[PDB]
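Q:
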Amino acid sequence: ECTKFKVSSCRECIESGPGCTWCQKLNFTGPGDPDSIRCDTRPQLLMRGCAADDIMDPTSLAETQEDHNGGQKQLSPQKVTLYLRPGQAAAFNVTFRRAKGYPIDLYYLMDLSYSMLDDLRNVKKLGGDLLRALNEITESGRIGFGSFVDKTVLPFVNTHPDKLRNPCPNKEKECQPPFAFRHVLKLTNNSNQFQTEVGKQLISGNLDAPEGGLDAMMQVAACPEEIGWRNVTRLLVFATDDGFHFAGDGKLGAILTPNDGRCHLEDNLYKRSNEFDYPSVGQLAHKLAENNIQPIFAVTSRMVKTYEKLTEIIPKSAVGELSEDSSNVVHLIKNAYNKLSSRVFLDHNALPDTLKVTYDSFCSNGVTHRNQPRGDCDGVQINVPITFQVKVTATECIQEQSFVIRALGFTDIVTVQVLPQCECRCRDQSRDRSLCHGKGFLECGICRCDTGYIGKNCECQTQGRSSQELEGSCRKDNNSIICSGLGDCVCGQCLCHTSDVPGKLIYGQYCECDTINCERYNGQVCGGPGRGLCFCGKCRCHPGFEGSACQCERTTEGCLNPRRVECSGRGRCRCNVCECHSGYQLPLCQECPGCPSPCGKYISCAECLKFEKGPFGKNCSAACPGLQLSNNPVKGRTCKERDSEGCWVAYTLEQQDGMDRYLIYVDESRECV
Amino acid sequence: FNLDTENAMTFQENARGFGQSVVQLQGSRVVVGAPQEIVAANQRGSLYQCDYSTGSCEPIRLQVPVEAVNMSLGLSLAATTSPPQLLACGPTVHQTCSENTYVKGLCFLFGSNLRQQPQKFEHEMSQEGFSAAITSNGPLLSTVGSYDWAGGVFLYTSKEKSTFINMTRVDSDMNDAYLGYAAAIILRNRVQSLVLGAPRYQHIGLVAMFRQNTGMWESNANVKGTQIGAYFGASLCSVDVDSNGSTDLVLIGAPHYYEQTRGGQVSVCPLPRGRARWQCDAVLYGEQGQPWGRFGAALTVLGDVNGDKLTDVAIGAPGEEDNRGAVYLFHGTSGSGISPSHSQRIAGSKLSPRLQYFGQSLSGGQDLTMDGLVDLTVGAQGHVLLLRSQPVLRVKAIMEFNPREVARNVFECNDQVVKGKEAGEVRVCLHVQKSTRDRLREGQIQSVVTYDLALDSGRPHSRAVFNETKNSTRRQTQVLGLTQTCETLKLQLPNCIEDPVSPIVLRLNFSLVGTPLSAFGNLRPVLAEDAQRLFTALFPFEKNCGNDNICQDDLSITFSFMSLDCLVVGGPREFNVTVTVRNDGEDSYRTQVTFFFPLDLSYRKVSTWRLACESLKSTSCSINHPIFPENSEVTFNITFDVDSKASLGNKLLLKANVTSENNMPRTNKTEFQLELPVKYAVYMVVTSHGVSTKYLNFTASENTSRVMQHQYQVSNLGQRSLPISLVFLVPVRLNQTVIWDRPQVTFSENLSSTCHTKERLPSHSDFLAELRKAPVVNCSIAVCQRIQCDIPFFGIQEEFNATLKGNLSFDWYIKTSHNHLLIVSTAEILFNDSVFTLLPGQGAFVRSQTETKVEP
Amino acid sequence: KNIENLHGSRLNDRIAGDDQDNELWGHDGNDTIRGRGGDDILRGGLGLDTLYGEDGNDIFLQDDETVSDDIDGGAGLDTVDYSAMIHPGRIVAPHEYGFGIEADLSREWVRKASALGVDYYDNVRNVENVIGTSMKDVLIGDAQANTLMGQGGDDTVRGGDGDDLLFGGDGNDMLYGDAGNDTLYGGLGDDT
Ligand SMILES: *[C@@H]1O[C@H](CO)[C@@H](O[C@@H]2O[C@H](CO)[C@@H](O)[C@H](O)[C@H]2NC(C)=O)[C@H](O)[C@H]1NC(C)=O
Ligand SMILES: *[C@@H]1O[C@H](CO)[C@@H](O)[C@H](O)[C@H]1NC(C)=O
Ligand SMILES: *[C@@H]1O[C@H](CO)[C@@H](O)[C@H](O)[C@H]1NC(C)=O
Ligand SMILES: *[C@@H]1O[C@H](CO)[C@@H](O)[C@H](O)[C@H]1NC(C)=O
Ligand SMILES: *[C@@H]1O[C@H](CO)[C@@H](O)[C@H](O)[C@H]1NC(C)=O
Ligand SMILES: *[C@@H]1O[C@H](CO)[C@@H](O)[C@H](O)[C@H]1NC(C)=O
Ligand SMILES: *[C@@H]1O[C@H](CO)[C@@H](O)[C@H](O)[C@H]1NC(C)=O
Ligand SMILES: *[C@@H]1O[C@H](CO)[C@@H](O)[C@H](O)[C@H]1NC(C)=O
Ligand SMILES: *[C@@H]1O[C@H](CO)[C@@H](O)[C@H](O)[C@H]1NC(C)=O
Ligand SMILES: *[C@@H]1O[C@H](CO)[C@@H](O)[C@H](O)[C@H]1NC(C)=O
Ligand SMILES: *[C@@H]1O[C@H](CO)[C@@H](O)[C@H](O)[C@H]1NC(C)=O
Ligand SMILES: *[C@@H]1O[C@H](CO)[C@@H](O)[C@H](O)[C@H]1NC(C)=O
Ligand SMILES: [Ca+2]
Ligand SMILES: [Ca+2]
Ligand SMILES: [Ca+2]
Ligand SMILES: [Ca+2]
Ligand SMILES: [Ca+2]
Ligand SMILES: [Ca+2]
Ligand SMILES: [Ca+2]
Ligand SMILES: [Ca+2]
Ligand SMILES: [Ca+2]
Ligand SMILES: [Ca+2]
Ligand SMILES: [Ca+2]
Ligand SMILES: [Ca+2]
Ligand SMILES: [Ca+2]
Ligand SMILES: [Ca+2]
Ligand SMILES: [Ca+2]
Ligand SMILES: [Ca+2]
Ligand SMILES: [Ca+2]
Ligand SMILES: [Ca+2]
Ligand SMILES: [Ca+2]
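Protein chains in written order, with UniProt numbering: chain A, 24 to 696; chain B, 17 to 136, 346 to 833, 843 to 849, 859 to 1099; chain C, 650 to 841.
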């Protein structure tokens, strides 16, 4: 409701909370009532005679604009403007429609360590196949090539001149000196050029196990015109079989210059690679995100878990299982492209702390996410409109700003511009000045006095002393003192004092209320600022908390097991904690630990359940309260008891939820006399 | 907040790599390494010795062996404060062979004088000395390249004796971990132990702990990182917050942690207790909007800087503001922890535009200015800076009035008197004191202090005005030493006060500026960042409650724990105290009730005219301000919250007394205290267990015996540990025939226990009829041995089995109508009921019985 | 019952006495010791210790360490003894300035150890007498009556205000009586 403290204007009233409204109708406030009685909640004001057409109630609203001349739009709407009131969320829908046939530019990086010899043999006979696979998805496609080994300095590479001449372990055949990054083939749609350029490559070697492919990726992403990128889908296949160096490894080689993230290509070679450190993963992710390049990690079996962690840092990336001879690569690109395209993320650029933004997802598979920090759901299908709900909440009366909501991996953007709604559309151009004694104007139903004149109707002058007659309205009752001793009576209304003690905000009609006199949780009034606020004896909390001191969360309580039942039916949830009855233990009232063995009696049901014995005592119905049977063995109290006839019957008695409700499994083999 | 930034001396040198490594030495000089500077042909690396007295520095002469080509001397440094020692290492020695080239390392140890220095797949690419420390036994050199870059460390006990410390190779998971990239020494009970960091372990990181168990070093704990590529373990720091001689926590930096708005992360890790696991508790962060700032690249101990006897640390962020760099300062807190927010941030851009990578190297814990205050050395690219701590000051102020209260004739309405000629006086005294201890002489520290005086602050019109200014405000500035000064000034009232119920209030608040010290390089003292800056005193009016007497009130306080006998800790979380206050005398002004309770009670609410209450601890409640009238009485309940892990003994006391502004002598009515018993909630269960014998049968024609065991399981499921007693009732004879001979009790947990056996007689003589009703052979119709076993310590959340074993015979069997007899044995747990109690409805599980059926 | 002395554990302890004379030893760890009534001998041992003497004439024995201690003797004439800092064995605390201990009862601290760049202090309140070490020391009194003993070495002693009793001991010592009616003993060696 409307926790208002001190309010004296329509804007001041609305700024005190999202539920406060302002009844403007004249002849509403009695002579003995103050102007703060207007700032109440809507139903209360409508109850006391105010109408629906004379309350102000500024309300946050959103209106969208779309480009009619723009065809084949993939993310709509384009521009949205908001009129935000603090404490009230504006919401609008953003629709994503997957388009068809977007060309592919695939760049290939391969390690040339000595273990990659067979892969090099297979890959250099593969350009036409990969181009054909690209064309089976879109009408136009181009392919490229690259290479990397490691930095040419110890301890990463042996710097002995003989070993720099031939770093391969075997001296028999051809092997090229180590290098950091070489750009081999420009992005082209010709297969013969791919065959000829790659066919000239020779294998290399180094000393360490990890390889410096992050330098190669940063150089690929930082030199757009040399690579040949066009404004289409950009892919980057990373084919390795080991780990990767990252920032900090260069100190072993006495290299402590951080990577600048700028192009350092001369004669298609990454010279100056021995004076810069490896990039950090954050730098690589930021560069790839800003250039819309989507990595595809084609790694061996033992490295899949290692490279899978990168996907939490780098969205729009995929990990594939690469064979030891690299024969399953093209199928890997197909699957990686399917996985990349099937998932959609919705995110916004950086915005200040005064604005909160939340996303809700609805899509084809039926999975719906609510109150998420970013939008995400899989199964995005072609020509299926998938909608996201964006909720924007302002915490203060903000100024004009703008932030962009974007679909990650695409150039299309949604621009959002925000306005405040901290203004009241009051009627003042035709108000009667006579009601203000001519010394003011009726704004929103209240009068504002000119210079010198004071009072609710401007009936007093500040230079004159307050009359003793008006002092009678400044006390609550015959025993209450004027303004409760914490204020001054001037022109018939109390004017409260201030206090040097922090948090001492004196308010109220008679200055009776105070801000620090409420229920205290852990020495803090209302559990501290993070749970609720004090309003002169009553504590009202922020959403998500309840109770006399806001110590109890409202929902999403811990009283529920994964099967979504409160305390397994063995207690009552009271302030996020189950109050178990009988001898059942916290937190979910599951186990009965000191509990007498129940297997003594439940043989009476077990005899008839799986041995076809009929009614003795009674039929096994309206008896056996809450006992059911399980076909498969159920983990629980293993038992063995004497049959009612003489044999040995052993059953395992699992416990389900409820009161005296179990699940039984009776064995069929019996030891008999 | 007390690190100097305007008078920082900068060392500049054109050698390459200058400022990469920095270390303080012997309280007067700082050593700086230049790893990449080319001294001569096939030589790389140089050392410099920079002095604060002169402000310049020259290289330290050192004869490099011819085999140490391109050794990169100065990449790592270490020092010892007492005795003075210096260790310098070059980890990049290019040993060139016929077919290969290897990267080994050398280290040089220096004594007090810098003139003579001793030289210190599998161990080939060792890079020994990459990070190094000095133990009391000798140098400690790490090898990041040992065993396929798994790591390790070499600990030298002599010039030619060393031991290798590393992990255990159960698998290849530790390959390429770079263990020994960072190193530290922990102290406890004057014995040293090692901490080693591996920032590349599984690409996530790892930090290790090593202890010498029976003369051999072994790893006893380790922690791990979370985010890939963050370098968890790339920098280590041991902190002793209380400075008692035992290390409390270890700071671990992850300079390459990635968030959308922050870069860098430092983790606080308290040391494990015994064999407990090592865990992280808090994480420190840099400022917002500084990605790739490399927060946590270098961090060192600064010692106590603010003078609160708690150790403080500094952390470096070389990558901030586009590689300009920054240095953060964190204060230590009680509880072996680090405060989560920084106290100062020094930015390189605010010092000089030429600074780059400011904060890449740090060193602190000594004084180099000879004024007794610790100093911090920060290394940058081509520069080394010296930041100096400053004296910390506090101010205490006191106000007195004379007379203490306004006289009646001053403010009474009168027509034959001169208006505005009232009088008064207020005395104001200020005292400036110093907190930090240092070597500067007395009388050098002077400060300029200005302050405000506000009469009736918070009131539109003040009742009293100063005589000299004729308004409610006054400004004055003056210079203070470390000595109290006093000043007095008259108070005047222009008109009568028609609301004498409110005292006149005086407010004071100040600002302090410290004058520089010319003898110690223009150092300026500063005010404490938490110093109180506002003070208030009250000036009450005289009372005339009746016939111009002194206002004589009579106050009485009583309270009672109504309908409550014992305070059960662990049961109900709150309890009431109904307290009543009476005023038999005339009007009471500013009535105040103060409570006193132990440390495990917290004030929750007050329910009942008006009652405002605020906080062995204490709380103060207000009784109907301003006035509590004549023949008045108030009754109210004060709620308390009792901690579930409270320790109040068996007897808790509450104390309360009443007070008022009239300030009259204390009386027995004014004071009251009452005492309440305490009990502790305990929950523990005893149950029969399945392996206990369920069935036995016999043939009367045969005389074979059998073994019987009744196994009980005892658990302390409660949150308390208490001494307990177990009693087993065992049927032994029936109509003078032995049933269960010489029964014995044995415990599975081999916990301490003592047992004593006693016999009790049956209550029913006619055993035949009793068997005829029910076929139970128990203590009602048989002789029972009562085995009582006493356990002095029954631990929390721990359990054991208690088997009761003995052999049987079947010569006591009665041929009743039923074809069976039951042998029942009961085990029930006792405790001192005067201290411990069971919760309602939970007492049914402290007893159990076990039955064994016998048929022919 | 009927026990006068107590020796603590190697861990943190809280030791309290009675109205009789007690000798309380804390050993290793951080200990809080209260002597209460009578004349007591308090030795905290290693670690950061807080020591109280309350009423009576108490004695505090300090050890060879750099860890600071807080000492409050309360009412009565109280003394602190620093003789165990220098011993024939090996000394852990540094004295690189060669000044033993430095005492200033007016400023309520004792510089128990001192490296070139690090100074270690003790907080001392309501203690009227100090006993030095075998090395040279600096002893400074306060406005009350103090008994200052230098023992061996070339010491300097300043009594401050009041009627003091200053002892020099063996070695060449500098004794200053300052204001009041003082009693000066030089001892062996050439003194002024
Ligand atoms: C830790 O150091 C020990 C030696 O102190 C290493 O043990 C050697 O390991 C190699 C590799 O398998 C074996 O060939 C040697 O026979 C081992 N020697 C001994 C004496 O055990 C051990 O590998 C190191 N652990 C790690 C993780 O590097
Ligand atoms: C390949 O690219 C060239 C360059 O423009 C173009 O002329 C040709 O049509 C392209 N071929 C295919 C099949 O797209
Ligand atoms: C592609 O987009 C970039 C965006 O900066 C633009 O400059 C360029 O003109 C576009 N077209 C081509 C062919 O690069
Ligand atoms: C040592 O460094 C110099 C620097 O130019 C270089 O020329 C020389 O080859 C290096 N020595 C070895 C053995 O690599
Ligand atoms: C005292 O506080 C006021 C504001 O509350 C401030 O304007 C004034 O400067 C302060 N006094 C001094 C001496 O700074
Ligand atoms: C009070 O008088 C002094 C001195 O005349 C003056 O500096 C100050 O501004 C005055 N204050 C007000 C509020 O007028
Ligand atoms: C006892 O305290 C509770 C607070 O939990 C309060 O609600 C109740 O009114 C009190 N009862 C009495 C008799 O004071
Ligand atoms: C109330 O009791 C406390 C107990 O510590 C005492 O300090 C205080 O002076 C007492 N006040 C009155 C008015 O009796
Ligand atoms: C005793 O019990 C065993 C167990 O089955 C059985 O084989 C035996 O026949 C029984 N003896 C008598 C005398 O009933
Ligand atoms: C108990 O009886 C069993 C079987 O009759 C026998 O094996 C065992 O030795 C006996 N033990 C004792 C202590 O009599
Ligand atoms: C013993 O057995 C009898 C017969 O069933 C039963 O009534 C009684 O409760 C049992 N316990 C005791 C202590 O007598
Ligand atoms: C008691 O015996 C059972 C036998 O099944 C065993 O599982 C359990 O661990 C024992 N209790 C304890 C505390 O070891
Ligand atoms: Ca391969
Ligand atoms: Ca410690
Ligand atoms: Ca501190
Ligand atoms: Ca200094
Ligand atoms: Ca005795
Ligand atoms: Ca101890
Ligand atoms: Ca004593
Ligand atoms: Ca001690
Ligand atoms: Ca001590
Ligand atoms: Ca004593
Ligand atoms: Ca004493
Ligand atoms: Ca004393
Ligand atoms: Ca001496
Ligand atoms: Ca003296
Ligand atoms: Ca002497
Ligand atoms: Ca004297
Ligand atoms: Ca004298
Ligand atoms: Ca002498
Ligand atoms: Ca002499």
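Positions of the beta carbon are idealized from the N, C-alpha and C atoms, including for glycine.
Taking only runs that begin and end inside the segment 220–307 of chain A, name each unbroken alpha helix (DSSP H) of 4 or more residues, in chain order.
A: If we require 4 residues or more, the alpha helix (DSSP H) runs fully inside the segment 220–307 of chain A come out as 236–245, 247–250.
Q: Looking at C-beta atoms only, is the number of pairs between the segment 950–963 of chain B and the segment 1005–1020 of chain B that lie closer than 8 Å three or more?
A: Touching, no.
Q: Does ligand 14 have even one heavy atom less than 6 Å from the beta-carbon of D348(A)?
A: No, ligand 14 has no heavy atom inside 6 Å of this Cβ.
Q: Write down every uninterrupted run of the beta strand (DSSP E) in the segment 700–776 of chain B whose length is 3 residues or greater and which is fully enclosed by it, in chain order.
A: Entirely contained in the segment 700–776 of chain B, the beta strand (DSSP E) runs reaching 3 residues are, in chain order, 710–717, 729–739, 759–764.
Q: Could you please give me the residues that DSSP links to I421(A) through a beta bridge?
A: Answer is none; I421(A) lacks a bridge partner.
Q: Report the three-state DSSP secondary structure of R963(B) (helix, strand or coil).
A: If DSSP states are grouped into helix, strand and coil, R963(B) belongs with coil.
Q: Does chain B have any CB closer than 7 Å to the CB of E542(A)?
A: True, the Cβ-Cβ gap to chain B drops below 7 Å.
Q: I need the residues with a C-beta less than 7 Å from some heavy atom of ligand 26; please give them in chain order.
A: The filter returns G790(C), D791(C), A792(C), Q793(C), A794(C), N795(C), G808(C), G809(C), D810(C), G811(C), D813(C), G829(C), in chain order.
Q: To test your reading of the DSSP string, which unbroken alpha helix (DSSP H) runs of 4 or more residues are found completely within the segment 47–128 of chain A?
A: Fully enclosed alpha helix (DSSP H) runs of 4 or longer: 65–70.
Q: Is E1042(B) close to ligand 12? I mean its beta-carbon at under 6 Å from any heavy atom of the ligand.
A: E1042(B) Cβ: within cutoff of ligand 12.
Q: DSSP state of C25(A), grouped into three classes?
A: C25(A) falls in the coil class under three-state DSSP.
Q: Would you say the segment 600–608 of chain B touches the segment 631–643 of chain B, given that touching needs at least three Cβ pairs under 8 Å?
A: The segment 600–608 of chain B vs the segment 631–643 of chain B: no contact.
Q: Under 8 Å: do the segment 188–207 of chain A and the segment 144–160 of chain A share three or more Cβ pairs, one atom per stretch?
A: Cβ pair count under 8 Å is below three, so no.
Q: Is DSSP giving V353(A) helix, strand or coil here?
A: Of the three classes helix, strand and coil, the one that applies to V353(A) here is helix, per DSSP.
Q: Roughly how many angstroms lie between the CA atoms of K621(B) and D698(C), to the nearest whole one?
A: Between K621(B) and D698(C), the C-alpha separation is close to 29 Å.
Q: Whole angstroms is fine: what's the gap from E602(A)'s alpha carbon to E614(A)'s?
A: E602(A) and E614(A): Cα-Cα distance of roughly 14 Å.
Q: Taking the Cβ atom as the reference point for each residue, do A899(B) and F971(B) lie within a distance shorter than 7 Å?
A: The answer is no: Cβ separation not under 7 Å.
Q: Among all residues, which have a Cβ less than 5 Å from at least one non-hydrogen atom of ligand 31, and in what chain order do they fall?
A: Having a Cβ closer than 5 Å to some heavy atom of ligand 31 are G835(C), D840(C).
Q: Quick check: does the Cβ of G826(C) come within less than 6 Å of any heavy atom belonging to ligand 29?
A: Result yes, Cβ under 6 Å from ligand 29.
Q: With a Cβ-Cβ cutoff of 7 Å, do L660(C) and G678(C) count as a contact?
A: It is a contact, given that the beta carbons lie within the stated cut-off.
Q: Evaluate the contact criterion for the segment 1011–1028 of chain B versus the segment 1044–1053 of chain B: three or more CB pairs, one atom per stretch, below 8 Å.
A: Touching, no, given that fewer than three Cβ pairs across the two stretches are closer than 8 Å.
Q: Should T536(B) go down as buried or exposed, given a rule of 16 or more other Cβ atoms within 10 Å for buried?
A: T536(B) comes out buried.
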